[PDB]
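Numbering (PDB author numbering), first residue to last: 1 to 123.
Here a beta-carbon is modelled for each residue, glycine too, at the ideal position from N, C-alpha and C.
Right, one structure below, let's go through it.
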């Protein structure tokens, strides 16, 4: 994106692996786990699955990470997984997600980007 962007929502099963919890800060979990990514209002939420997404049940109670000034790029390095993109927040939070294919992935980015630009609009 760049400017404008009405609102691009996206939610699906992704493998979120919290690597960095902050600038030059190594996360804790750092364990590959199936976390349902739920983008909305310009916020990326994490849930167990679509069953917890429709039930508004948070994976572990983690809130949605604001994509305000966040970066979203492909994971050009991961020599094992496919269709994976690295998401670097502004708070120094870096997460690793694995799409189902080049589509889901590319799309995400297109979405995550449509969210970043737009921003976490509130009222």
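Q: Return the bridge partner residues of residue 104 from the DSSP annotation.
A: Residue 104 is not bridged to any residue.
Q | Completely contained beta strand (DSSP E) runs for the region 8-34, where each covers 3 or more residues | A | 10-22
(Q) Helix, strand or coil, according to DSSP, for residue 51 in the structure here? (A) helix
Q: Within its chain, find whatever has a CB closer than 8 Å to the CB of residue 114; leave out the 5 residues flanking it on each side and keep chain order.
A: 1, 5, 7, 8
Q.
For residue 25 and residue 103, what's the separation of their Cα atoms in angstroms?
A. 31 Å
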